[PDB]
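Working notes for the structure below.
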Amino acid sequence: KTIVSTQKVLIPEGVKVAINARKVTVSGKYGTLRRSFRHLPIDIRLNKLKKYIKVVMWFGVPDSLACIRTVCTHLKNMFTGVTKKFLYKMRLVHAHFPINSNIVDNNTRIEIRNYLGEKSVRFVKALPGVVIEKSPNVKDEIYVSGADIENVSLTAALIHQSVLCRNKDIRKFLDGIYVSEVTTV
Amino acid sequence: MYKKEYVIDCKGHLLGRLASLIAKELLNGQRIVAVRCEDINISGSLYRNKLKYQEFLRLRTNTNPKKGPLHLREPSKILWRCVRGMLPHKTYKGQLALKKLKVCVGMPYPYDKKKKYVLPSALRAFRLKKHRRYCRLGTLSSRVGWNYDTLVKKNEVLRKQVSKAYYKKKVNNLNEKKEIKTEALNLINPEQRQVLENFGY
Amino acid sequence: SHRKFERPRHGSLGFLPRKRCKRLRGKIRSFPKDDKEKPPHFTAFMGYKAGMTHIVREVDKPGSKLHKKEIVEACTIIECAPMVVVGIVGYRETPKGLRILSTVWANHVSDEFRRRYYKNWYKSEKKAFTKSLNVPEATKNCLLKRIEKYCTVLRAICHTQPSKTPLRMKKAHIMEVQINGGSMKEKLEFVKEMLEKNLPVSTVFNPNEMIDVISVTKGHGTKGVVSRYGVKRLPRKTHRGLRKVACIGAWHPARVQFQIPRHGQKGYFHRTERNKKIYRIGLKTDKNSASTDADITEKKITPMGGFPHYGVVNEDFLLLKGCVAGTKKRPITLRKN
Amino acid sequence: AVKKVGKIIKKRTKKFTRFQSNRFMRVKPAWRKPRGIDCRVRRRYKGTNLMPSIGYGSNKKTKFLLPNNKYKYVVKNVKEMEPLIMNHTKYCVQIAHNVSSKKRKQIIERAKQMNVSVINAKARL
RNA sequence: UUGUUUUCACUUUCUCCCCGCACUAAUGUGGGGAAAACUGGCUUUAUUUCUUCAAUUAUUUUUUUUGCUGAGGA
RNA sequence: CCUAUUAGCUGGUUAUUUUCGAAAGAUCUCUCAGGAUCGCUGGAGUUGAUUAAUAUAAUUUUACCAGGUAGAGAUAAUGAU
RNA sequence: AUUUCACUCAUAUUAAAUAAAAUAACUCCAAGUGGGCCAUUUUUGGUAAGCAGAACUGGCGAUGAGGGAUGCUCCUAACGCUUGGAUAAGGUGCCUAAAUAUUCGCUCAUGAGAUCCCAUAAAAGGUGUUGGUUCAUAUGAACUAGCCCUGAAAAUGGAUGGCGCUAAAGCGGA
RNA sequence: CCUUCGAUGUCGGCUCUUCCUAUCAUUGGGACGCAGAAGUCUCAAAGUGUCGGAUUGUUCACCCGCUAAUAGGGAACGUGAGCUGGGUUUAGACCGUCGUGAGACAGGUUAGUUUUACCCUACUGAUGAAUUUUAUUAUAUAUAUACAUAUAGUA
RNA sequence: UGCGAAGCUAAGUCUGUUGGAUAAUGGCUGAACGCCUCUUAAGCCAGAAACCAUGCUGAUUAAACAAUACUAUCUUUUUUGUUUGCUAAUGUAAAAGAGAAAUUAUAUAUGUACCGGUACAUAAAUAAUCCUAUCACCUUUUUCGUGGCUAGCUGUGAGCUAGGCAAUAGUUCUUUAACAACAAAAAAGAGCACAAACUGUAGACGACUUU
Ligand SMILES: [Mg+2]
Ligand SMILES: [Mg+2]
Ligand SMILES: [Mg+2]
Ligand SMILES: [Mg+2]
Ligand SMILES: [Mg+2]
Ligand SMILES: [Mg+2]
Ligand SMILES: [Mg+2]
Ligand SMILES: [Mg+2]
Ligand SMILES: [Mg+2]
Ligand SMILES: [Mg+2]
Ligand SMILES: [Mg+2]
Ligand SMILES: [Mg+2]
Ligand SMILES: [Mg+2]
Ligand SMILES: [Mg+2]
Ligand SMILES: [Mg+2]
Ligand SMILES: [Mg+2]
Ligand SMILES: [Mg+2]
Ligand SMILES: [Mg+2]
Ligand SMILES: [Mg+2]
Ligand SMILES: [Mg+2]
Ligand SMILES: [Mg+2]
Ligand SMILES: [Mg+2]
Ligand SMILES: [Mg+2]
Ligand SMILES: [Mg+2]
Ligand SMILES: [Mg+2]
Ligand SMILES: [Mg+2]
């Protein structure tokens with residue numbers, strides 16, 4: 001039982017943070033993210049004058065410490081999102097049949113069509129507040145982006161799932177739509 | 001348990017412990033209105049609880065299931081069942097005790113306006129370490145086919161506004177009373193006033 | 001030991017208590033979910049089964065061996081004299097189910113309707129509704145307001161006009177009909193507009209609509225296991241008798257099980273058949289009612305010599321594809337899907 | 001239970017009824033001691049009929065005394081009355097069931113003269 | 001193998017200095033180093049109703065409420 | 001009818017309280033569902049004891065023997081190895 | 001060797017303790033019984049068995065009472081009828097009289113665990129967590145044993161006795 | 001060899017239900033000596049299904065054929081007041097071997113009475129009173145009120 | 001024999017859903033373990049003929065209940081009572097002040113004011129509290145509120161002011177004190193069902209359907 005264990009998360013420059021009872025809310029250039037931590041025991045305290053926020057845990061086994069670290073990481077991610085959107089660059093790879101990747105509904109909902117040539121539509125709606133753009137630069141790829149690292153990632157995963165082919169040898173058929181690069185803007 | 005009728009606000013309580021507390025009181029001889037039984041908690045994870053309840057559901061009577069374990073799945077009814085489990089309900093006394101218990105979902109027509117007590121021996125806050133999985137009973141019930149959860153929530157929300165309104169008025173009244181006391185401490189006698197001051201009032 | 005050769009059970013356990021229905025007038029167990037985007041409309045309608053005819057229909061199914069060809073199909077005919085609206089009932093949703101706030105009645109309620117509130121009309125002084133009919137409009141208005149405020153669901157009390165049918169019974173059939181539409185206020189308005197007046201079926205259903213038909217089945221009294229469940233006849237050789245179930249059950253659950261087929265009531269069961277197509281909605285004011293583009297001959301729907309065991313359909317009617325539960329003369333409730 | 005009145009302690013007001021006398025008419029309530037393997041009364045299981053026992057006996061000093069504190073003496077005849085002229089506080093007469101009304105009256109009269117209590121003076125009254 | 005000799009290690013701080021210059025869970029702090037004897041310990045001289053005179057045993061004595069019992073008849 | 005034949009086998013075998021209270025070992029038995037005889041039990045009785053004794057004890061001390069099971073041994077014997 | 005005389009051996013602590021040791025011996029008469037069964041420990045046959053067969057002792061039988069939910073044999077303890085007390089085994093969240101006692105740990109289980117006989121679980125695993133031990137350069141190893149997990153599948157529905165319990169009402173202590 | 005010998009009707013089929021999963025198929029997956037197809041191993045799964053015949057009293061078995069598949073089991077080796085009675089297990093009879101013989105055969109073959117529900121429950125349907133120490137999710141003109149409502153009878 | 005309506009009937013005709021939350025599994029963020037990690041932590045996602053709803057049958061399975069329609073007396077107050085089978089009539093599983101309506105989190109809440117956020121208050125042994133009891137009737141003064149009628153009067157509740165006015169039952173034996181029901185006495189207000197005949201959408205008989 002380690003009496004005190006701490007962690008220091010440096011808030012960036014153009015970020016309006018506001019925790020209360022582990023209900024952290026961060027605002028900035030891109031989006032206002034709110035994400036509660038009221039399932040682990042933790043007195044996350046804010047310093048507004050200086051930068052940084054301190055996550056601190058009294059007692060608790062290594063589990064608690066781990067949780068604290070996780071929390072800190074999450075906070076960092078949130079901060080990053082609000083400063084600069086997360087940009088999951090998803091390249092679609094095909095063998096024979098080119099995948100038709102039609103974005104609709106204000107760059108939410110990406111209709112995927114002609115995956116291994118089946119003439120049937122795969123709908124994959126994005127989570128709350130996460131734009132799905134297609135390539136300006138290269139030909140194939142798809143940018144998924146929008147502040148909450150969790151949500152964009154989730155969206156990407158969903159997209160991937162929507163593609164992945166069923167009863168065949170998956171080592172042979174490499175066709176699909178995969179996360180190339182996790183980045184920021 | 002010397003009151004006529006205790007209303008128990010079941011929110012934030014641990015099912016079993018709460019039930020146990022109720023049962024003894026009932027036996028002793030004490031009407032108990034367990035109110036707001038949607039918000040009772042169980043100490044397992046949600047999934048675990050569901051599994052247990054699923055298992056329970058599975059045990060019907062093979063021959064003719066009209067008889068045999070009735071799977072009452074309103075949260076209030078679950079609570080009632082639990083309470084019964086801890087009573088000698090096959091006697092007369094036990095039966096009487098059982099009858100004495102009323103349970104409700106949300107809070108209705110007298111039990112809005114009654115004082116709501118709390119059993120702190122059976123409070124989730126005091127009885128589970130915060131790194132443990134718990135589960136809201138209402139959610140569990142919903143998962144196992146109760147349906148009237150959202151409606152109940154809505155009703156509760158509606159009630160809360162009313163309560164708030166009432167509370168404001170109450171607060172105002174209290175303030176007024178305080179003011180009067182302040183005014184009318186000066187107008188009594190000296191010695192009496194002094195005495196009053198000495199004993200708190 | 002295991003049963004040597006596996007087979008599916010004989011009855012459906014989904015229709016147990018195979019007991020008589022409580023009333024001839026099939027009850028609608030549930031009404032369509034409310035879609036508050038659409039205008040307010042009725043969801044149900046009572047009619048009497050008159051008989052069946054057959055029909056000839058050209059088919060459209062591209063790909064069928066029955067594509068361009070004319071086909072013959074059986075169809076029930078359901079006489080559908082305009083239902084009359086008499087009340088509005090307001091429900092409110094509780095953790096104990098729907099509870100009624102009130103019912104608001106028309107000012108004038110038909111003699112037919114009143115007959116339902118008596119089992120001996122001939123003897124009675126027919127006092128039913130005679131004080132309610134009187135009541136002042138202010139109270140009604142208040143009730144309506146209350147309903148608007150609190151009630152989440154509206155039903156209309158409608159009744160049939162069996163006098164306008166060959167049926168023997170002067171008693172009305174009274175039925176609650178959920179109204180599904182946008183705002184409760186809107187619904188209320190609609191019912192007010194309706195109130196004392198008549199609903200014909202065209203106000204409720206359309207050509208080619210898919211409808212559920214809810215009715216009490218034809219009765220056969222106490223029937224054997226063979227008829228009631230389609231249990232196999234035992235062989236000729238059998239001593240005590242052939243038309244029974246050889247083994248009720250195993251020894252050990254020492255209790256006959258509710259899943260074992262037994263002699264007893266068959267028919268006069270309540271039943272909702274689903275997905276019955278309306279092929280045509282007839283009109284009372286149409287002498288060319290059973291006529292068609294291909295026919296072009298004045299035909300009323302009534303067959304020569306009249307619908308056997310029913311009579312003469314002289315009013316608006318539904319042509320439903322296929323079959324419907326119950327007998328000629330039976331009340332049927334048609335419900336939107 | 002125990003039934004104190006003064007110095008008279010009775011340990012057992014309830015009669016010991018025969019086992020199962022309640023169940024079969026043919027089995028009369030008169031105590032009979034159950035022989036027989038497996039009896040349950042014989043074996044003295046909680047909740048069954050009790051077995052009369054010498055523990056239940058009344059104190060040697062008060063034994064046959066009635067609530068009166070007087071030993072009952074049954075009397076058929078005036079001559080018999082005479083033994084209790086010297087014991088009129090310790091013994092109380094009961095007149096025998098078969099004594100005639102006239103004779104009963106006579107006996108009662110004698111008892112009054114003696115100051116001796118008669119427990120059934122009211123017979124044929 | 002015991003007693004004994006010496007070695008340097010161990011205490012406080014709301015003290016002070018230097019570096020890190022608010023870096024800390026902390027109304028402070030990480031490291032490095034001083035200071036002193038308020039702290040603590042000891043040595044004394046007295047003092048015990050300012051507060052203490054424990055606990056455990058041995059040996060003794062009494063008390064606050066109190067429940068049940070009254071056999072017998074020398 | 002002899003005859004109420006015989007049955008080591010089955011069933012039944014009638015008030016109360018008090019007191020004491022077993023055995024299902026053993027030997028022999030055409031014996032193994034039985035019997036006899038010991039054992040254990042009750043009653044009867046006598047001699048005793050009634051003297052904090054002596055007899056006596058499912059007890060222990062103190063002496064004193066008897067032992068070849070646990071263990072141990074295999075470069076002690078026999079038999080393995 | 002026997003006999004009769006001598007002289008003299010502890011004794012009220014009684015030729016070592018202790019003894020509701022004479023409730024003893026002995027004789028008589030007779031009853032019932034002579035199918036046994038179970039538990040620890042030792043033990044034979046048998047893969048084993050709630051199997052067959054023995055030894056020591058105790059039980060059951062013949063025996064209720066309190067506990068082990070329940071139970072011929074396990075634990076406590078053997079029974080005249082009462083009042084009061086104070087315990088035993090066992091318990092003390094409720095059922096259920098008594099602790100939601102105190103105190104220190106451990107344990108989360110997507111089929112937890114829960115108390116002799118007893119109503120089942122193993123080999124083998126686990127970068128689950130908790131302590132250790134032995135080693136090397138605050139990390140890397142190897143082990144180790146606690147609880148937990150897997151291993152863990154059977155037929156009516158379902159049983160730590162039930163409800164339930166997770167800052168235990170679980171496991172191990174005090 | 002614990003229970004049952006003052007009887008628990010002793011095989012199999014027919015019928016009929018339910019349960020199990022140790023999954024044959026179907027749903028969703030994971031692995032491969034998975035290129036595709038086919039298949040093999042395996043996880044959640046017992047929701048749905050698992051047949052027609054020939055021979056045998058058969059269980060079991062073995063073929064023919066369909067099938068998505070023709071998985072395995074239990075329930076007093078489910079099920080005789082449900083049947084059937086082909087078999088085994090009475091009395092008749094035949095053969096074979098054995099026995100001097102009467103007879104025996106866990107050898108073969110044939111002919112051979114299958115009783116009772118009107119009881120309680122269970123189940124199936126069919127009426128049906130009664131229900132104030134009982135009930136209540138509100139009613140009533142923003143306030144009140146469980147120190148309160150609720151007669152009963154027909155529909 | 002032939003045909004054979006009607007009624008039954010299959011070998012004849014019609015009809016037989018889509019959500020939630022999951023399992024396996026694949027993933028996401030992401031520690032423990034400066035990296036990695038589907039979680040073999042916390043937190044999430046998609047996902048099955050399974051599960052639970054939806055739908056469907058019953059619902060004297062709930063001794064259940066609601067509303068509506070009509071009806072026979074009902075409501076309020078007072079008094080005395082409940083000390084021929086009957087014709088006057090009593091029972092409480094709980095009265096002794098049975099007093100108490102925020103809400104919410106539990107590693108924080110709640111208000112208040114602005115735009116979930118900010119600032120300021122407030123609670124933090126919270127029923128270890130607060131409320132509410134005893135001032136009897138009286139005459140004499142008056143003061144203030146609430147309910148009725150056309151500023152006054154009556155009634156109730158609270159106060160100040162004056163005057164002593166009562167209670168004594170022999171030491172306690174429940175503190176006869178509550179709630180509900182009823183009976184009588186006065187005083188005040190105001191028709192259905194079954195059967196029967198018919199029916200046949202029903203049916204062993206009831207029941208159901210009708211007239
Ligand atoms: Mg393939
Ligand atoms: Mg016995
Ligand atoms: Mg000093
Ligand atoms: Mg005395
Ligand atoms: Mg004889
Ligand atoms: Mg015998
Ligand atoms: Mg030897
Ligand atoms: Mg040895
Ligand atoms: Mg015996
Ligand atoms: Mg014993
Ligand atoms: Mg046990
Ligand atoms: Mg006692
Ligand atoms: Mg005690
Ligand atoms: Mg208790
Ligand atoms: Mg317990
Ligand atoms: Mg039988
Ligand atoms: Mg499986
Ligand atoms: Mg397979
Ligand atoms: Mg078997
Ligand atoms: Mg049978
Ligand atoms: Mg038979
Ligand atoms: Mg058979
Ligand atoms: Mg035969
Ligand atoms: Mg023969
Ligand atoms: Mg013909
Ligand atoms: Mg871990």
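In the structure tokens, chains take letters A, B, ... by order of appearance, with residues numbered from 1 within each chain and ligands from 1 in the order shown.
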DSSP on the backbone, strand (DSSP E or B) only: what residues of region 3-61 of chain D does that give? Format it as a PDB file with N, CA and C atoms, in the first residue's frame.
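This went into states-v7.pdb:
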ATOM      1  N   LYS D   3     -49.248 -25.767  39.423  1.00  0.00           N
ATOM      2  CA  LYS D   3     -50.502 -25.143  39.838  1.00  0.00           C
ATOM      3  C   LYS D   3     -50.531 -24.941  41.351  1.00  0.00           C
ATOM      4  N   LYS D   4     -49.815 -23.916  41.796  1.00  0.00           N
ATOM      5  CA  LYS D   4     -49.885 -23.488  43.188  1.00  0.00           C
ATOM      6  C   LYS D   4     -51.273 -22.940  43.499  1.00  0.00           C
ATOM      7  N   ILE D   9     -48.965 -27.807  46.023  1.00  0.00           N
ATOM      8  CA  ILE D   9     -48.329 -27.763  44.693  1.00  0.00           C
ATOM      9  C   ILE D   9     -48.736 -28.991  43.874  1.00  0.00           C
ATOM     10  N   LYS D  10     -49.367 -28.749  42.732  1.00  0.00           N
ATOM     11  CA  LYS D  10     -49.668 -29.784  41.785  1.00  0.00           C
ATOM     12  C   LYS D  10     -48.700 -29.530  40.660  1.00  0.00           C
TER      13      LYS D  10
END
Residues near region 17-20 of chain F, anyone? I mean within 10 Å using only C-alpha atoms (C1' of nucleotides), not counting same-chain ones fewer than 3 positions away, as a PyMOL selection string. (chain D and resi 52-54) or (chain F and resi 41-43)
Output of the above residues as a PDB file, in the first residue's frame, restricted to N, CA, C and O atoms (P, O5', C5', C4', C3', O3' and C1' of nucleotides):
ATOM      1  N   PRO D  52     -46.313 -40.475  32.065  1.00  0.00           N
ATOM      2  CA  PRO D  52     -46.407 -40.318  33.504  1.00  0.00           C
ATOM      3  C   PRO D  52     -45.235 -40.989  34.189  1.00  0.00           C
ATOM      4  O   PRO D  52     -44.756 -42.030  33.749  1.00  0.00           O
ATOM      5  N   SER D  53     -44.770 -40.376  35.262  1.00  0.00           N
ATOM      6  CA  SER D  53     -43.540 -40.789  35.922  1.00  0.00           C
ATOM      7  C   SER D  53     -43.670 -40.441  37.373  1.00  0.00           C
ATOM      8  O   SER D  53     -44.390 -39.519  37.726  1.00  0.00           O
ATOM      9  N   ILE D  54     -42.886 -41.095  38.202  1.00  0.00           N
ATOM     10  CA  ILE D  54     -42.908 -40.826  39.623  1.00  0.00           C
ATOM     11  C   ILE D  54     -42.359 -39.434  39.970  1.00  0.00           C
ATOM     12  O   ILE D  54     -42.598 -38.951  41.052  1.00  0.00           O
TER      13      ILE D  54
ATOM     14  P     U F  41     -23.714 -58.719  34.237  1.00  0.00           P
ATOM     15  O5'   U F  41     -25.298 -58.833  34.180  1.00  0.00           O
ATOM     16  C5'   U F  41     -26.049 -57.922  33.369  1.00  0.00           C
ATOM     17  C4'   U F  41     -27.526 -58.220  33.452  1.00  0.00           C
ATOM     18  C3'   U F  41     -28.104 -58.507  34.831  1.00  0.00           C
ATOM     19  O3'   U F  41     -28.307 -57.325  35.616  1.00  0.00           O
ATOM     20  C1'   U F  41     -28.821 -60.181  33.360  1.00  0.00           C
ATOM     21  P     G F  42     -28.239 -57.370  37.235  1.00  0.00           P
ATOM     22  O5'   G F  42     -29.705 -57.810  37.655  1.00  0.00           O
ATOM     23  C5'   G F  42     -30.861 -57.343  36.940  1.00  0.00           C
ATOM     24  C4'   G F  42     -32.058 -58.202  37.250  1.00  0.00           C
ATOM     25  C3'   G F  42     -32.208 -58.640  38.693  1.00  0.00           C
ATOM     26  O3'   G F  42     -32.828 -57.620  39.454  1.00  0.00           O
ATOM     27  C1'   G F  42     -32.440 -60.509  37.316  1.00  0.00           C
ATOM     28  P     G F  43     -32.509 -57.487  41.003  1.00  0.00           P
ATOM     29  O5'   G F  43     -33.282 -58.724  41.640  1.00  0.00           O
ATOM     30  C5'   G F  43     -34.713 -58.830  41.566  1.00  0.00           C
ATOM     31  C4'   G F  43     -35.154 -60.243  41.877  1.00  0.00           C
ATOM     32  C3'   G F  43     -34.757 -60.786  43.238  1.00  0.00           C
ATOM     33  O3'   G F  43     -35.568 -60.263  44.281  1.00  0.00           O
ATOM     34  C1'   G F  43     -34.277 -62.413  41.617  1.00  0.00           C
TER      35        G F  43
END
Need the shell around residue 83 (chain B): protein/DNA/RNA residues with any atom at most 8 Å away, counting only C-alpha atoms (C1' of nucleotides). Skip same-chain ones fewer than 6 positions apart. Format as a count of residues only? 6
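A straight line drawn from CA of residue 160 (chain B) to CA of residue 107 (chain B) is 10.4 Å long.
Residues of chain C lying within 10 Å of chain G, counting only C-alpha atoms (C1' of nucleotides), are residues 252, 253 and 254 of chain C.
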Output for the residues just chosen: N, CA and C atoms as a tab-separated table (two decimals), in the first residue's frame:
chain	number	residue	atom	x	y	z
C	252	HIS	N	-40.80	-40.37	-14.05
C	252	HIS	CA	-40.18	-39.53	-13.03
C	252	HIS	C	-39.86	-38.06	-13.29
C	253	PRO	N	-40.81	-37.37	-13.89
C	253	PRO	CA	-41.43	-36.35	-13.06
C	253	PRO	C	-42.82	-36.95	-12.87
C	254	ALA	N	-43.16	-37.35	-11.65
C	254	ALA	CA	-44.37	-38.17	-11.45
C	254	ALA	C	-45.63	-37.33	-11.49
Counting only C-alpha atoms (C1' of nucleotides) and all ligand atoms, which protein, DNA or RNA residues come within 8 Å of ligand 20, given as a ChimeraX atom specification? /C:251 /H:79-82
Residues within 12 Å of ligand 14, counting only C-alpha atoms (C1' of nucleotides) and all ligand atoms, as a PyMOL selection string: (chain B and resi 20-21+23-25+27-28+86) or (chain G and resi 91-100)
Picked from region 60-118 of chain C by DSSP as helix (DSSP H, G or I), as a compact mmCIF listing (two decimals) with C-alpha atoms, in the first residue's frame:
# COMPACT_ATOMS: atom_id res chain seq x y z
CA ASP C 111 -79.82 2.68 -28.81
CA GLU C 112 -77.67 -0.10 -30.24
CA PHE C 113 -74.72 0.92 -28.07
CA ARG C 114 -76.94 1.12 -25.02
CA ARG C 115 -78.17 -2.42 -25.67
For chain H versus chain A, which residues have an atom no more than 9 Å away, and what is each residue's nearest atom pair and distance in Å rounded to one decimal, using only C-alpha atoms (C1' of nucleotides), chain-then-number order, as JSON lines?
{"residue": "H:34", "atom": "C1'", "partner": "A:169", "partner_atom": "CA", "distance": 5.4}
{"residue": "H:35", "atom": "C1'", "partner": "A:172", "partner_atom": "CA", "distance": 6.7}
{"residue": "H:36", "atom": "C1'", "partner": "A:168", "partner_atom": "CA", "distance": 8.9}
So which residues are near ligand 4, meaning at most 9 Å away with only C-alpha atoms (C1' of nucleotides) and all ligand atoms counted, given back as a PyMOL selection string? chain E and resi 70-73
Write out as a PDB file with C-alpha atoms (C1' of nucleotides), in the first residue's frame which residues come within 12 Å of residue 134 (chain G) when counting only C-alpha atoms (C1' of nucleotides), dropping same-chain ones fewer than 2 positions away.
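Result file is result.pdb:
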ATOM      1  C1'   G G 132       8.633 -15.123   0.424  1.00  0.00           C
ATOM      2  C1'   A G 136      22.630 -11.972 -10.678  1.00  0.00           C
ATOM      3  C1'   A G 141      16.058 -14.381 -13.629  1.00  0.00           C
ATOM      4  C1'   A G 142      14.790 -18.654 -11.405  1.00  0.00           C
ATOM      5  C1'   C G 143      12.041 -20.851  -7.998  1.00  0.00           C
ATOM      6  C1'   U G 144       8.403 -21.075  -3.669  1.00  0.00           C
TER       7        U G 144
END
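Every chain H residue lying within 7 Å of chain C, based on only C-alpha atoms (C1' of nucleotides), is listed here: residues 15, 16, 17, 50, 73, 74, 75, 78, 79, 82, 83, 122, 123, 124, 125, 137 and 155 of chain H.
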Distance limit 12 Å, reference ligand 12, atoms considered: only C-alpha atoms (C1' of nucleotides) and all ligand atoms. Which residues make the cut? Give them as a ChimeraX atom specification. /E:68 /G:82-87
Compute the set of protein, DNA and RNA residues whose minimum atom distance to ligand 23 is at most 10 Å, using only C-alpha atoms (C1' of nucleotides) and all ligand atoms, and state it as a PyMOL selection string. chain H and resi 57+85-88+111-112
Selection above as a file: N, CA and C atoms (P, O5', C5', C4', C3', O3' and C1' of nucleotides), as a PDB file, in the first residue's frame:
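Result file again-v5.pdb:
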ATOM      1  P     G H  57     -37.160 -62.777 -36.253  1.00  0.00           P
ATOM      2  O5'   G H  57     -37.579 -61.589 -35.283  1.00  0.00           O
ATOM      3  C5'   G H  57     -38.918 -61.077 -35.230  1.00  0.00           C
ATOM      4  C4'   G H  57     -39.127 -60.378 -33.910  1.00  0.00           C
ATOM      5  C3'   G H  57     -38.097 -59.323 -33.526  1.00  0.00           C
ATOM      6  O3'   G H  57     -38.325 -58.054 -34.137  1.00  0.00           O
ATOM      7  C1'   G H  57     -38.415 -60.783 -31.712  1.00  0.00           C
ATOM      8  P     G H  85     -51.098 -59.045 -30.025  1.00  0.00           P
ATOM      9  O5'   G H  85     -49.868 -59.840 -29.402  1.00  0.00           O
ATOM     10  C5'   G H  85     -48.668 -60.003 -30.175  1.00  0.00           C
ATOM     11  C4'   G H  85     -47.523 -60.438 -29.300  1.00  0.00           C
ATOM     12  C3'   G H  85     -47.740 -61.732 -28.512  1.00  0.00           C
ATOM     13  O3'   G H  85     -46.737 -62.708 -28.783  1.00  0.00           O
ATOM     14  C1'   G H  85     -46.823 -60.021 -27.132  1.00  0.00           C
ATOM     15  P     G H  86     -46.793 -63.578 -30.120  1.00  0.00           P
ATOM     16  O5'   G H  86     -45.712 -62.884 -31.056  1.00  0.00           O
ATOM     17  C5'   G H  86     -45.294 -63.509 -32.278  1.00  0.00           C
ATOM     18  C4'   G H  86     -43.815 -63.301 -32.477  1.00  0.00           C
ATOM     19  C3'   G H  86     -42.948 -63.675 -31.284  1.00  0.00           C
ATOM     20  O3'   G H  86     -42.621 -65.060 -31.367  1.00  0.00           O
ATOM     21  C1'   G H  86     -42.461 -61.460 -31.936  1.00  0.00           C
ATOM     22  P     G H  87     -42.465 -65.937 -30.039  1.00  0.00           P
ATOM     23  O5'   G H  87     -41.127 -65.358 -29.403  1.00  0.00           O
ATOM     24  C5'   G H  87     -39.870 -65.482 -30.095  1.00  0.00           C
ATOM     25  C4'   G H  87     -38.786 -64.728 -29.362  1.00  0.00           C
ATOM     26  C3'   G H  87     -38.447 -65.248 -27.974  1.00  0.00           C
ATOM     27  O3'   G H  87     -37.545 -66.349 -28.062  1.00  0.00           O
ATOM     28  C1'   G H  87     -38.707 -62.898 -27.899  1.00  0.00           C
ATOM     29  P     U H  88     -37.795 -67.681 -27.199  1.00  0.00           P
ATOM     30  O5'   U H  88     -37.369 -67.241 -25.731  1.00  0.00           O
ATOM     31  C5'   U H  88     -36.077 -66.666 -25.465  1.00  0.00           C
ATOM     32  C4'   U H  88     -36.047 -66.077 -24.075  1.00  0.00           C
ATOM     33  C3'   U H  88     -36.656 -66.941 -22.983  1.00  0.00           C
ATOM     34  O3'   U H  88     -35.742 -67.947 -22.562  1.00  0.00           O
ATOM     35  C1'   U H  88     -37.426 -64.716 -22.753  1.00  0.00           C
ATOM     36  P     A H 111     -46.106 -70.517 -33.906  1.00  0.00           P
ATOM     37  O5'   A H 111     -47.219 -71.131 -32.948  1.00  0.00           O
ATOM     38  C5'   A H 111     -48.215 -72.019 -33.490  1.00  0.00           C
ATOM     39  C4'   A H 111     -48.996 -72.716 -32.399  1.00  0.00           C
ATOM     40  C3'   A H 111     -49.478 -71.859 -31.234  1.00  0.00           C
ATOM     41  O3'   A H 111     -50.669 -71.168 -31.600  1.00  0.00           O
ATOM     42  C1'   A H 111     -48.483 -73.814 -30.388  1.00  0.00           C
ATOM     43  P     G H 112     -50.898 -69.649 -31.160  1.00  0.00           P
ATOM     44  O5'   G H 112     -51.623 -69.797 -29.751  1.00  0.00           O
ATOM     45  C5'   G H 112     -51.309 -68.948 -28.634  1.00  0.00           C
ATOM     46  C4'   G H 112     -51.330 -69.765 -27.368  1.00  0.00           C
ATOM     47  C3'   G H 112     -51.061 -69.003 -26.080  1.00  0.00           C
ATOM     48  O3'   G H 112     -52.240 -68.384 -25.558  1.00  0.00           O
ATOM     49  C1'   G H 112     -49.655 -70.894 -26.172  1.00  0.00           C
TER      50        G H 112
END
